[PDB]
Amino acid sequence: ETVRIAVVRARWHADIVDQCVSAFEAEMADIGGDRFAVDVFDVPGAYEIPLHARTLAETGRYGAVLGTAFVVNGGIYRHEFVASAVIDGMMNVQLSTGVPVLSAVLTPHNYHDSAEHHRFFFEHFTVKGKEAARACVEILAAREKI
């Protein structure tokens, strides 16, 4: 059977987020055999991830939902409220829909979009993207065992 996995990515810091989405989309598709299928959906910001995962999840056409974004402190406004709301949101959604939802919504201790700062998280996100895909495979598999 072909399991559909949806990726809901924010477009803020698209540059870095996409490094996670591509890495993720590779581990998922590359284990090719029509096993999994990755549909990617655009979302303005992290705050827009929960409701989108829910609507997607409620179609019953997906075995899992990945939420991904980079939620940082830009120096002017505080980012914790939104970060908190999104992480708690995806938890509420999956418990609600019974559809697993993995979190690739990251918040670093520091991010000044400096040349060095940008380089780093741009490369570490591919790492996290790979992590998420292998965790996705594992959770679905761990569910058959129930």
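Residue positions are given as counts along the sequence shown, with the first one as 1.
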Higher-scoring stretch by recorded Cα B factor average, 117-125 or 85-93: 117-125
Stretch with the higher entry mean CA B-factor, where the candidates are 25-33 and 100-108: 25-33
Residue 146 - Cα temperature factor, lowest/middle/highest third of chain: highest
Within-chain third of residue 46 by Cα B-factor, per the entry: lowest
Position of residue 59 among the chain's modelled residues by C-alpha B-factor, lowest, middle or highest third: highest
Relative C-alpha B-factor of residue 69, binned into the chain's lowest, middle or highest third: lowest
Chain-relative CA temperature factor third for residue 8: lowest
